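Let's start with one chain on its own, the form deposited in one PDB entry, as structure tokens.
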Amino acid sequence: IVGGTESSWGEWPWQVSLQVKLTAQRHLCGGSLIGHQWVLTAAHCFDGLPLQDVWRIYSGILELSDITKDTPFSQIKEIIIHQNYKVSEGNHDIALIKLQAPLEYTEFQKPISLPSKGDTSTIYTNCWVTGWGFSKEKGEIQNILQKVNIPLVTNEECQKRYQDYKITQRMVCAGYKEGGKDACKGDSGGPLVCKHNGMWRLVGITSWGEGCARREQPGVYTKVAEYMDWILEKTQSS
């Protein structure tokens, strides 16, 4: 997160960190807890190897350096990448992770509510984007969970700043005319949430942008309302 500040315990109880245990354990992507056994993230976080056991999912955490061998984590039981996602294109950048064990909901670890398929984002002005990603372009993973407040822009406005056809109706963008505040590498898969009438909704999944926090260059997110049929079909009881 570029131009953000430090979050507090319980502020973003749905935020998780997707880490891979290599020689050192490394945060690679964010995600959002959407139910006891389900995390929603970006499909491109899995562009490497398909191995599930390398991943550790941490929830109810604020600071990456606080994690030690005794810190609890979740494991992956299943990864479900959208059938239309291709590594070579930006579209359909969404994936579900089913955890091996259901997590209980506590003040520190709780789901973000999902929207409805047709309901509107026009009731929102500014939304919040969070993560441990870079704090500048070519920066480094941040230790303490960062938050930044950014206005949504229309898709017509967003498409002015990107190559034709790259911004679809299933994406939403957010940015400031003169930049300085945006998601960046390492925030991918995390939440863009908006609050209205005291209720938070998951509106976007951090996906991509041209650099980070440049002027006239809104960040691009997968629009969650446009995938609600897919999300409900894939997560339904067996």
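Whichever C-alpha set is largest while still superposing within 1.5 Å between the two forms counts as the rigid core. Note that residue numbering begins at 1 and tracks the sequence as displayed.
For the pair 120-128 and 98-106, the record assigns the higher mean C-alpha temperature factor to 120-128. Here 68-76 and 132-140 are compared by their mean Cα B-factor, and 132-140 comes out higher.
Highest CA B-factor among the listed residues (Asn91, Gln146, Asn149, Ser113): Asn91. Per the PDB record, residue ranking by Cα B-factor puts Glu11 in the lowest third of the chain.
The entry lists a Cα temperature factor for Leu232 that places it in the highest third of the chain's modelled residues. In the PDB entry, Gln217 places in the middle third of its chain by CA B-factor.
Among the modelled residues of its chain, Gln25 has a C-alpha B-factor that falls in the highest third according to the deposited record. In the PDB entry, a CA B factor belonging to the highest third of its chain's modelled residues is recorded for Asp53.
The discussion below concerns the form deposited in another entry, not included here.
The comparison between this form and the one not shown, aligned on the rigid core, picks out a single residue among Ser121, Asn155, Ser74, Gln109 whose CA moves by 2 Å or more, and that residue is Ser121.
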